[PDB]
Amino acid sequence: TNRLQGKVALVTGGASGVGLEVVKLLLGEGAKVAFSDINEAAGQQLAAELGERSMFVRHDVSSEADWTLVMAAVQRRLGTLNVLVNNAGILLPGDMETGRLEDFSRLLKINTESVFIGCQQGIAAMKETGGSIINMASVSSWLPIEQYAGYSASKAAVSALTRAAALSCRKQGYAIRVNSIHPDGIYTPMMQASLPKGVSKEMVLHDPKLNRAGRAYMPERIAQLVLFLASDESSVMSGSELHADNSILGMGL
């Protein structure tokens, strides 16, 4: 469709997972979509396959210099940005009793500082004409999970940055919305490959008939929420969390 034909997006962490599903949905609605990631050869092979409305750029999301260059190159090739999906992140475990400080520092650098830079530069790119900035978070930003303490904190920080960015945009008169999305588990090829032998997909995905307690969801399901926020039809929403956890709250009790 040509629904989003005038949209120009950047999706960070866009060569796999939810990121890649987002890239595919946006392209499928006629947007132009840059995606950034760290494995350049693979990213370029992917951009070749996705076609000329897509672009790959190498990107260290924790570097301000990389972000400046990426923003400039994307917009030179594809036009003025009006969708930014801050999806790059990493998941590392560690509980409060024994988790490693060095892992927490890494989570903050990659998950939280990336969103700061991306929103800072996204506001500059979009302030004249407007747009939508979408920050990937997690259910764990509000729902504590023992073994992901630092990750939870990194994503709670992301949701605070989201509200700060959204409020600045409103107070300054920029037609920019900033919102966060909070999924539960995401059934990616990496998750599947990390499962113990003998554990199958049906054992981990939520299903109302087969696995009501399941915690994992297909990435395309999450990507649909990104597509909604990227579209003009969501524009009244700013400074909010969109929860993508299928009523986990109250389960298990």
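Residue numbers run from 1 along the displayed sequence.
Checked against the record, the higher mean CA B factor of 20-28 and 238-246 lies with 20-28. When the C-alpha B-factors of 209-217 and 189-197 are averaged, 189-197 comes out higher. Of the candidates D95, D103, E113, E128, the one whose C-alpha carries the top B factor in the deposited record is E128.
For the set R77, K171, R177, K155, the PDB entry puts the maximum C-alpha B factor at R77.
The entry lists a Cα temperature factor for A15 that places it in the highest third of the chain's modelled residues. The deposited CA B-factor of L81 belongs to the middle third of values across its chain. For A124, the recorded CA temperature factor ranks within the middle third of the chain's modelled residues. For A72, the recorded CA temperature factor ranks within the highest third of the chain's modelled residues. Annotation for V61: CA B-factor lies in the middle third of the chain's modelled residues.
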